[PDB]
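Before any comments, here is the structure.
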There are 12 protein chains.
Amino acid sequence: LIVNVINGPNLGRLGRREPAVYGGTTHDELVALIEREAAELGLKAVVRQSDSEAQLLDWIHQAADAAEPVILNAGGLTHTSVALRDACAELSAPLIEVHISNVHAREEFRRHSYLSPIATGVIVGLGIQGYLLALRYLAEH
Amino acid sequence: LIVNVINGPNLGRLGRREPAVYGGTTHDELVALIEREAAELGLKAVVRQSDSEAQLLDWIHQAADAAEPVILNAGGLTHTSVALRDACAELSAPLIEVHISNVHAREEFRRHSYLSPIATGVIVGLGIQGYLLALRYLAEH
Amino acid sequence: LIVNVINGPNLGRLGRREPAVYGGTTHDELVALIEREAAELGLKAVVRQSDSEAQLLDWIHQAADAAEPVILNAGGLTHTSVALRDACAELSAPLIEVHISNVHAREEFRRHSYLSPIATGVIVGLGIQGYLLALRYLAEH
Amino acid sequence: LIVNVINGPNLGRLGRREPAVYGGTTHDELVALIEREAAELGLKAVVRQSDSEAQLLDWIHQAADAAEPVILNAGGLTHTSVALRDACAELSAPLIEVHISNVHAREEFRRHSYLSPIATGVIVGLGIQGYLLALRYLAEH
Amino acid sequence: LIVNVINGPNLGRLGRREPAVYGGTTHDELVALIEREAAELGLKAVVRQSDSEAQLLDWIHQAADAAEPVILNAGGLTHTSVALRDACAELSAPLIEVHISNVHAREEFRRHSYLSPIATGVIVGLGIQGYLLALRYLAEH
Amino acid sequence: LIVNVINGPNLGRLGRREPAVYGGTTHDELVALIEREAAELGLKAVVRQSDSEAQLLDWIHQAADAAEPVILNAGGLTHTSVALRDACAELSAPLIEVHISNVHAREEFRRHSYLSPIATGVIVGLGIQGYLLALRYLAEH
Amino acid sequence: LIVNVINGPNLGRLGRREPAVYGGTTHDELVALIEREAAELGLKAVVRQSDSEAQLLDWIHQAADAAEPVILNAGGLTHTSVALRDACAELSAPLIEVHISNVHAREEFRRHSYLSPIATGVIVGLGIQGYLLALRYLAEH
Amino acid sequence: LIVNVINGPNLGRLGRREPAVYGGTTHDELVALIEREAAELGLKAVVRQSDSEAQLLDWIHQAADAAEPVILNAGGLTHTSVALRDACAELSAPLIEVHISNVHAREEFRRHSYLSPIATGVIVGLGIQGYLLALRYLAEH
Amino acid sequence: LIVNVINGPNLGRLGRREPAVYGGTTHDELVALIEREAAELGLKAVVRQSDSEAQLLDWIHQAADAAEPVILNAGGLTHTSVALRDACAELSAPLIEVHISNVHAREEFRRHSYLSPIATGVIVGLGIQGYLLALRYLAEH
Amino acid sequence: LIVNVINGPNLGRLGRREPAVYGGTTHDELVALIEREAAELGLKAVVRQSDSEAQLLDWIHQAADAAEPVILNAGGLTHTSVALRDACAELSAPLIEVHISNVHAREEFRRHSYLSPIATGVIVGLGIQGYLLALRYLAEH
Amino acid sequence: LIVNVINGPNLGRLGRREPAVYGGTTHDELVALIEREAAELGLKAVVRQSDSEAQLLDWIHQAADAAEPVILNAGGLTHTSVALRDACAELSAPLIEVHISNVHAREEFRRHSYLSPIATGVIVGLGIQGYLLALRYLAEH
Amino acid sequence: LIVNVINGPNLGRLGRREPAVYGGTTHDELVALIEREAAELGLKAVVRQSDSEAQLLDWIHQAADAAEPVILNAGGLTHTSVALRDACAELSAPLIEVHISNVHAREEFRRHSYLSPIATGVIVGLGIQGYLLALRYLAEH
Ligand SMILES: O=C(c1ccccc1)c1cccc(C2=C[C@@](O)(C(=O)O)C[C@@H](O)[C@@H]2O)c1
Ligand SMILES: O=C(c1ccccc1)c1cccc(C2=C[C@@](O)(C(=O)O)C[C@@H](O)[C@@H]2O)c1
Ligand SMILES: O=C(c1ccccc1)c1cccc(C2=C[C@@](O)(C(=O)O)C[C@@H](O)[C@@H]2O)c1
Ligand SMILES: O=C(c1ccccc1)c1cccc(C2=C[C@@](O)(C(=O)O)C[C@@H](O)[C@@H]2O)c1
Ligand SMILES: O=C(c1ccccc1)c1cccc(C2=C[C@@](O)(C(=O)O)C[C@@H](O)[C@@H]2O)c1
Ligand SMILES: O=C(c1ccccc1)c1cccc(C2=C[C@@](O)(C(=O)O)C[C@@H](O)[C@@H]2O)c1
Ligand SMILES: O=C(c1ccccc1)c1cccc(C2=C[C@@](O)(C(=O)O)C[C@@H](O)[C@@H]2O)c1
Ligand SMILES: O=C(c1ccccc1)c1cccc(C2=C[C@@](O)(C(=O)O)C[C@@H](O)[C@@H]2O)c1
Ligand SMILES: O=C(c1ccccc1)c1cccc(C2=C[C@@](O)(C(=O)O)C[C@@H](O)[C@@H]2O)c1
Ligand SMILES: O=C(c1ccccc1)c1cccc(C2=C[C@@](O)(C(=O)O)C[C@@H](O)[C@@H]2O)c1
Ligand SMILES: O=C(c1ccccc1)c1cccc(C2=C[C@@](O)(C(=O)O)C[C@@H](O)[C@@H]2O)c1
Ligand SMILES: O=C(c1ccccc1)c1cccc(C2=C[C@@](O)(C(=O)O)C[C@@H](O)[C@@H]2O)c1
C-alpha cells in the first residue's frame, strides 16, 4: 500500500537558510522521518518535491491512475493554482492537505486555498509532524 | 500530563443524524476512544461537552489556571464567538482546534473561525480520528 | 399533535416598551392566544420563551427527538447564532421562522438570517398574528 | 370589501414545471382557491396575472386609487424593479409580499427584494397556502 | 426541427452604430442570412425581435410549450432580468446565448448575465456569424 | 426646433402623494409649464409619459432618427435599465438626465444611474424647474 | 439679494488646457459672465476662488452668518473634504452643487460627493452654463 | 441614585495575564475602586460581572425596569451579540459603553460594536479609569 | 503640566446650530470651562482652534518638541487626514481623541478615524464634558 | 492556411473522466477530428497540448511571430495567468477562447477569465464542437 | 535646466524620529545633498517644503507655467488629496513620485496613491537616495 | 559584487512590439546596457530571463545561497505568484522590484504585487532606465 507525499515550490529549502517558522529539519530529514513512520504503520511512503507545477500535475496524474492516496503541501501554489486543484479533483483515493505552519495566523492571502474544498481533510500548524499524522489517518483509511 | 477535550454546542447529539458528515459514533463512544487513546499515549484525557457558552469559557478558564493543553471542537460557536476566542487566548499550553467535517467544503460561513488564528494548529475533515491525531501531537508538543 | 412555539431572547419583555414595532400584547397573553388558536385547529401548542441559548437548543433537541413541528422566533440570535441554526437542522418536521416586526424595514444586520435557509417558510412583520398563521399552515401540513 | 391579488411574470405557467418549488396547482386552480377562502372570510378577491411590468404598475395605481390592500407575488420583478416598488410605495392600505418557494434558500440574487422594506409584511416558502394566509391577515388587518 | 432565434431591445436598430460593436448588417439582412444558412443545415429558422420583455417571455413560453431550441440575444436585458432567465429555464431543448460584441472587453456591468448559468452555451464577440455558428451547433442537437 | 421631453414610469401620477419631494403639480400641469417655457425660449417641446420600457425605447429611437435632443426623467428605470441606456447612447443630439428629487440625499439604490455616464449632463434636486433649466441649456446650444 | 459663488482648488486656472471637460473661458471671464447674468435676474453675485480649504470654510461661515445662498464648485475637495460638507451643512439658504464637467463619465472617484446629500440640488456636465442655471433657480427660490 | 456597572465574559479574570493591555488590577480591586468614586460623587455603585449572556441580559432588564443607568463593558459580546444590544436599547437612563483596551488599535473585528450606535457615549483605551470617568459623567446626567 | 487642547475645522462655530447634536456652548465658553477644570486638576490647559490643517500640524509639532499631552478634536479631518495622523504619531506623550457627538450613531463615514488606532484612547458622544474627562485622565498620566 | 489549436493543463487526459462534461473523445481523437474539419475549410490546424505554462507561452510566441490565429482552451490557467494573457496580447491575428464546459454554470472562480477581455471572441459550453465552430469563424472571419 | 523638488506635510521634520524608513538625514542636509547631485548632474534643483495643501498647489502651478519638471513626495496627501492630484495633471514635463519608506510594506491605507496613475513613474522604499535617482532620470530626459 | 538581474515571462519579446509601453530596446541590447552601466559602477551584473516560474525560483535560490542582491522584473508573475514571493523572502541582500511601464496607470489587476510588501524598494514606469537606477542604488548599499 503506497502513499504519495508530494511537496511543491520552495520546500527543498526546508531547514536551509531561514526559519524558525518551518523548523530546522531539512527536506532529506523529513523524507527520512516520513519513511520511518510509514513502515511502523505498515505502508510504503513515496515522498517527492518539485518547484514545477507541470511536474506536480504529472505526479497527481499517476496517483489518480494508480488509485493511490496523496498527502499534499502545494506550498505557494495552494492559494494560486486551479490547474493543480483540477488535477486533485481526479484522485478517487483520499487527499490530505498539509501545511507546516499555521496558515490562519499569517497574511490574509494565506487563508485562501483551492485545495481545501476538495480534500478529505486538512492539517495546518502542527509542525512537520502534520505529515506523520496524515499518514496515520491513511493507515486507518 | 492532563489534556482537556472540550466539545461545543450540539456535539452531545453525535452520530444520531447525518452519519455521512459527522460519524456514526455517539458522544459516549467518543469519550471511550479518546480516553483509551490518551492512556496509550501516556496522557490523561478529560473529555467534556456542553451546550452552553459560560460553561465552555469556565472549563477553558481552568485549563488556563492549570496550564494544561486543550483540544477544542467548538461547534457552531467556532464561527461566532469572540468570548470563546478570548478565553482561549489566556492558555499558555498548546491549543488544537478540531472539526470532524471539512468546513471548507460546506457553507461559506463555516470557513471563518475565530480560533484558527490563535490555535497552535487545526485539524479539519478527518472525522473522529481528528481528536486522536490531536492527542498524538500533544504527546510530544 | 404537538406544536412547539419557541421564543428567544427578550421576548419575555413583550408588552412593555415600543408597541408599534412589537405590539402591545404581553408574553402571557400571547401564550393564551396561541394555545387557543391551536385548539380550534386541532393542535396542542406548548409555548415557551428563554433568554438562554443552551435552553433554546435543549427544547429544539426535545422537539427533534419527538419529531414535532416548531415555530421559532429567536430574537437577536436569528442574525448571529450558528449553534442554534444547526440544532434546527436536526428537525424532520416543518419549521416556520417567525418575526413580529418586518426585519426588512429596519437596521441592515436584521436582514441577515441564519435560520431562513433551513426553514420551510418565513413569516415576517405581520404582528403577533404571524404565529397564528404558522399554526394554520401546520394544521394543513 | 375588496382585496387584490397580483401575480407577475411567468406565474401564468404554474407548473407546467417543477414540484416542491412552485405549485403542482395551475393558475386557474389558484384563482378559484383564493376566491373560495376569500368568500369564506367575507372578502371579494380580485386575482390577476401579467407578464407586463407596465400592466402590473397600472393594476397597482388602481388599488392605490381605491385604497384597497394588495397581495403581491411580483416573480422576477421582486428582485429587480424599482418602478414596481415606487408604485407600491403609494398604497395606503396593506401590502403583503408572498413568494411560493423559500427564496432564502436558493440563489443569492433571490435573497434581495425592492418590495420587502416597504411591504407591511412578507410570507415566504409556504407554498400556495401563503396567499390564503395573507388573506386572513387582511381579514383581521 | 424548428429553431427560434430571439432578439431583444434595440436589436431592430442594427445598422445605426456602424463600426466595431454590432457591425453594418441590419436586422432584415440578418433574418435573411439566418434563414438561408438554416435551411442549408436542414433546419427552419423563425427569427423574431422585440423591445418588450413581455413579448419576449411569450415567445420563450411558446418554445417551452413546443419544445424547440432557442438562440437568444437578449440585448440589455441579459444583464438585468430575473424574469427572462426564469422563462428560459423552462426550456427543454438547447438554449444558446449570443452576444455580437465581446461583452468581456466593455463596461463592467456588461460582463454580468442572468442567462449564462442556465444556458447550454454562450457565443460572444464573434459578430453576426455567432448566430450562424449556434445554428450549426443545433444541427447536431 | 424640436425638444423631446420623456417621462418614464410612475411620473404620470405626480401631484397627489409626496408633494414635498416631487411637487404638488400634476403631470398635466408639468406639460403646460414646459410647453409655455419652450415657447418663450423659441423651441417646441414634445412632452411624453409612459410606464412601459418598450414604449420609451420607441420614443428615443424616434429622436435618434430625427437628430432631436432629449431631456429624460426615466424615474425608476434610471437605476435598473441597460436597455434604456443603450437606446439613449444612439442619440447624436444632447441628452439631459433630469430628476425632480435630490436622489443623492435618498436611498442608496437611488444613487446609481445607468444614464449619467452617457448623458450630456445631469440636473437633480431642483424640482419641476430642473426640466425648464434643461430647456434653457439646449436653447443656448 | 446676494448670491455667493465659491470656486475651490485649481479653478483659478480655468481656460488653459481643455475643453471639453473644463472651460475654454477664464476665471475672470466667468466672474463677469455670472455678474452680468445675475444682474438681469435681480441678483448680485459675489464670486470668489481659492486653493485654501481654510479660506473656503471662512466664506461658507460668512454666508451662514448672513443667511445667503451658495453656489459651490469645490474641485477635488468635492470628493474628499468632510470639513467642507460640515461647513455647508450649517447654511440656512439653499446650496447648489455645480460641476463644469460630467463627473459621471470620468474616473470612478469623481462619482462620489460629500456635498450632494446636503445640497438642495446638483448640476453637472452643462459646462459653465451650470453657473447661470443655478442663479436662475435661486431667482425663483 | 444607583448606577449599575456590568462586566461581560472573561472580565472576572482581570489582572492575571497580559497586564499590559487590560488592568494590572483584579476584579475585586476594580469593585473597590468604583464604589470609592461612586460614594465620593454621591452615588451608589452596584458592580456585577458574568460569563453568561442570559445573566447579563437579566441585569439590563432590571436596570431598565428601575430606570437606573448602566455602564457596560460587554467584552467579547460587544462585537457579536444582537441579543445584548436589543436589551440595552430598552434602557431609559444613560448607557455608556466602556472598554479598558484601545479596540481601535487591535484586530479589525474588535472595531465593530453593536452597542456603540445605541449608547449615549463610549470610552476606550483609558484603562481601568474609564469606568470612573463614566461615573463622573452620570453624576452630571 | 501643560495640556494642549486642540479643536479642528468648524469648531469656531460651536453654539450657533444643531444644538442637540453638538450642544449650545460657544467655543469661548468651552475654553473658559476647560481652563477652569484644568485649575481644579492642577494643570495648565492651552486650548486652541483652527480651520486650517497646516496650523493644526504646526501646533502638534510643537507639543511634540515640548513633549506635552494632547486632547484632540479634529472635527472633519478625523475621517480624512493622513497628514494629521502622521503628525500626531510623533507625540511621545499621551493623545486623547475626543468627539462631542456620538460618531457611531450618525453617518457611515463618521465611523472611520485615522486617529483612533494611534490615540492613547478615545472618548465619543459624552458632550462637552468629554474634554474634561480627558483632562482628568491626563491628571494621572 | 495555418490555424493553431492550443490546449492547457490537464487536457491531455480528455475523454477519460467526466464524459457528461468534457465529452468522450480523447485528445488524439480531437486532433484528428480538428485536422479533418480544418481541411474541409481549406485550413491547416496544428493542435497542441501541454501542462507547462512556459511551454504554452513558447507556442503563443511562435504564432505571434508568424501572424497565425490561435484557438486557446487553457484549462485552469484561464482564470489565473496574467503571463498567458500577456503572451496572447502580442498576437496580431484573431484569438478565440474556447471552453468545452459551460464555465458559468460551475464554481464562481471559473467565471473570471484573464483571456476574455483580450480575445476576439469566446465560445463556452458547446462541447468539443466549440473547437470546430471556432475553426469556421476563422475560415470566414 | 531647472528641476523642482517638492516635499509635503511633516517632511520638515525629517531626521527627528525614527530610523526607518525615513531615516536619518534632516531636511536641511537633504536639501544640501539634492542640490549637490543636481549640480554634478549639471542641473539646477529648487527644493521646497510645506505643510499647507494650498502652498503645495501654488508651486505646482508655477512649475506648470514654467514647463519645469517635478519630483514630489506629498507625504500624507499622496493618499488623500484629489486637489493635489489635479494640479499635477497639468505638468507638461515629467512628474516623479518619491516615497522614502516602502509604502507597500506598511498599513493598507498607504498603498493607495492619487498621484501614481498620472505620474511618469514612482520610486519607493529606496530611502533618501530615491530623490537622488529621480534626478538622474530627469538628467537623461 | 555580483548583482543578479532577473526577468520573468515574455520579457524575451522586449522591444519588438507595443513600443513603448515597454519596447524600444530589445532584450539583448538591455543586457548590453545593464552590463556597461554596472561595470562603470564597479559592479558585476549577471542578467537572466525565463518564461518558467520554476526556472526563476531556481535563480532566486542561487542568490539566497550566495547572499547576492536581486533586481527582479517578474512580469505577469508579479501579480499572481506566492511561490515567487516566498522564494524572494529567503534573500538576505537587497531585493529591488522593477517595472518598465507605469503599472498604476493601467488595468486594475496590475496595481497588485506579491513582491512589493517584501522588496527593499520598487521602481515603476521609468522605462529601461529603472534597471540602471536600481544598479546605482545597490552600489551605495
Ligand atoms: O516562505 C518560505 C521560506 C521558507 C524558509 C526561508 C525563507 C522563505 C517558504 C518555503 C517553502 C514553503 C513555504 C510555504 C509552506 C506552507 O505550505 C506550509 O506552511 O507548509 C505555507 C505556504 O503558504 C508557504 O508558501 C514557504
Ligand atoms: O448541524 C449539526 C447537525 C448535527 C446532527 C444532525 C444535523 C445537523 C451540528 C451538530 C453539532 C455540531 C456541529 C458542528 C461541528 C463542527 O465543529 C465539526 O465539523 O466538527 C463544524 C461546525 O460548523 C458545526 O456546528 C453541527
Ligand atoms: O429590541 C427589542 C426591544 C424591546 C423593547 C424596547 C425596545 C427594543 C426586542 C425585544 C425582543 C425581541 C426583539 C426582536 C424580535 C424579532 O425576531 C421579531 O420581530 O419578532 C426581530 C428581531 O430583530 C429582534 O431582535 C427585539
Ligand atoms: O421559474 C419559474 C418557472 C416555473 C415553471 C415554469 C416556468 C417558469 C417561475 C415562474 C414564475 C415565478 C417565479 C418566481 C416566483 C417567486 O416570486 C415565488 O416564490 O413565488 C420567486 C421568484 O424569485 C421567482 O422568479 C419563477
Ligand atoms: O447600443 C446599442 C446600439 C444599437 C444600434 C446603434 C447604436 C447603438 C445596442 C443595440 C442592440 C443591442 C445592444 C447590445 C447587444 C449585445 O447583446 C450583443 O453584443 O449582441 C450586448 C448588450 O450589452 C447590448 O445591449 C446594443
Ligand atoms: O416613488 C415614487 C412615489 C411617488 C408618489 C408617492 C409615493 C412614491 C415615484 C413616483 C414617480 C417617480 C419617482 C422617481 C422620480 C425620480 O426620477 C425623480 O426625482 O424625478 C427619482 C427616481 O428614483 C424615482 O423613480 C418616484
Ligand atoms: O484636474 C484639473 C485639470 C485642469 C486642466 C488641465 C488638467 C487638469 C482641474 C482643474 C480645476 C478644477 C477641476 C475639477 C473641477 C470639477 O469640480 C468640475 O467639473 O467643475 C470636477 C472635479 O472633479 C475637478 O477636481 C479639475
Ligand atoms: O482576551 C482577553 C484576555 C485576557 C487575559 C489574557 C489574554 C486575553 C479579554 C478578557 C476579558 C475581556 C476582554 C475584552 C474586553 C474589551 O471590552 C476591553 O478592552 O475592555 C475589548 C474586547 O474586545 C475584549 O473581548 C478580553
Ligand atoms: O458641522 C458642524 C457644525 C458646527 C456648528 C454648528 C453646526 C454644525 C461641525 C463643526 C465642528 C465639528 C464637527 C464635527 C465634530 C465631531 O468631531 C464631534 O462629534 O465632535 C465629529 C466630526 O465628524 C464633525 O466634523 C461638526
Ligand atoms: O477539473 C477538471 C476535471 C475533469 C474531470 C475530472 C476531474 C477534474 C478539468 C480537467 C481538464 C480541464 C478542465 C477545465 C477545462 C475548461 O477550460 C473547459 O471547459 O474546457 C474549463 C476550466 O475551468 C477547467 O479548468 C478541468
Ligand atoms: O508619519 C510620519 C512620522 C514622523 C515621525 C514620527 C512618527 C511618524 C511622517 C513624516 C513625514 C512624512 C511621512 C510620509 C511620507 C512618505 O511619502 C514617504 O515614504 O516618503 C510615506 C507617507 O505615507 C508618509 O505620510 C510620514
Ligand atoms: O504584455 C506584454 C507584451 C510583450 C511583448 C509585446 C507586447 C506585449 C509584456 C511582456 C513582458 C512583460 C510584461 C509586463 C511587464 C511589467 O512587469 C513591467 O512593466 O516591467 C508589467 C507587468 O504587469 C507585465 O506582465 C508585459
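The way I read the labels, and the way they are meant: chains A, B, ... in the order of the C-alpha cells, residue 1 as the first residue of every chain, and ligand 1 as the first ligand shown, with later ones counted on from there.
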Show me which residues sit within 6 Å of ligand 8 when counting only C-alpha atoms and all ligand atoms, and put them as a list in words.
residues 86, 89 and 90 of chain B; 10, 11, 17, 18, 73, 74, 75, 76, 99, 100, 101, 103 and 110 of chain H
Would you pick out the contacts of residue A:120 at 10 Å or less, using only C-alpha atoms, so that residues sharing its chain but fewer than 3 positions from it are not included, and give the list as a ChimeraX atom specification? /A:93-97,115-117 /B:101-102,105,124-127
As a PyMOL selection string, list the residues of chain L assigned to helix (DSSP H, G or I) by DSSP on the backbone atoms of this structure. chain L and resi 11-13+27-39+53-65+75-79+82-88+103-105+108-111+129-139
(message) So that I can check the secondary structure, give me every residue of chain A assigned strand (DSSP E or B) by backbone DSSP, as a PyMOL selection string.
(response) chain A and resi 2-7+44-49+70-73+95-99+121-124
What are the nearest atom pairs, with distances in Å to one decimal, for all residues of chain G that come at most 8 Å from chain I, using only C-alpha atoms, set out by chain and rising residue number as CSV?
residue,atom,partner,partner_atom,distance
G:53,CA,I:52,CA,7.3
G:54,CA,I:52,CA,5.0
G:57,CA,I:51,CA,7.4
G:80,CA,I:80,CA,7.2
G:81,CA,I:80,CA,7.1
G:82,CA,I:76,CA,4.9
G:83,CA,I:76,CA,4.4
G:86,CA,I:76,CA,7.3
G:87,CA,I:10,CA,6.4
G:90,CA,I:17,CA,6.7
Those same residues - N, CA and C atoms - I'd like them written as a short mmCIF file (atom, residue, chain, number, x, y, z; two decimals), in the first residue's frame.
data_model
loop_
_atom_site.label_atom_id
_atom_site.label_comp_id
_atom_site.auth_asym_id
_atom_site.auth_seq_id
_atom_site.Cartn_x
_atom_site.Cartn_y
_atom_site.Cartn_z
N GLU G 53 -8.60 75.42 1.72
CA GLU G 53 -9.77 74.93 2.44
C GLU G 53 -10.13 75.81 3.65
N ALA G 54 -9.11 76.30 4.35
CA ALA G 54 -9.35 77.32 5.37
C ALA G 54 -10.12 78.50 4.85
N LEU G 57 -13.76 77.58 3.90
CA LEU G 57 -14.72 77.44 5.01
C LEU G 57 -15.07 78.80 5.60
N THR G 80 -13.45 64.77 -1.37
CA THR G 80 -12.58 64.47 -0.22
C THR G 80 -12.88 65.12 1.14
N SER G 81 -13.44 66.33 1.16
CA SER G 81 -13.47 67.10 2.39
C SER G 81 -14.71 66.91 3.24
N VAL G 82 -14.62 66.27 4.41
CA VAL G 82 -15.77 66.32 5.35
C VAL G 82 -15.89 67.75 5.90
N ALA G 83 -14.76 68.38 6.15
CA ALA G 83 -14.74 69.75 6.67
C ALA G 83 -15.54 70.73 5.81
N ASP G 86 -19.43 69.77 6.22
CA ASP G 86 -19.94 70.23 7.52
C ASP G 86 -20.11 71.74 7.64
N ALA G 87 -19.23 72.50 6.96
CA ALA G 87 -19.39 73.94 6.93
C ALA G 87 -20.70 74.26 6.20
N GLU G 90 -24.20 73.85 7.82
CA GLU G 90 -24.70 74.98 8.62
C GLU G 90 -25.57 76.01 7.84
#
Note to self: Env of residue B:47: 12 Å cut, atoms = only C-alpha atoms, seq-sep filter 3 positions within chain, self excluded. Answer as a count of residues only.
What the structure shows: 29
query = Mind pulling up the distance from atom CA of residue B:91 to atom CA of residue B:141?
reply =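 Going from atom CA of residue B:141 over to atom CA of residue B:91 covers 14.5 Å.
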Between atom 10 (C, counted along the ligand's line) of ligand 1 and atom CA of residue A:63 lies a distance of 24.1 Å
*asked:* Just the number, please: distance in Å from atom CA of residue F:129 to atom CA of residue F:21, one decimal.
replied: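 Taking atom CA of residue F:129 as the start and atom CA of residue F:21 as the end point, the length is 13.0 Å.
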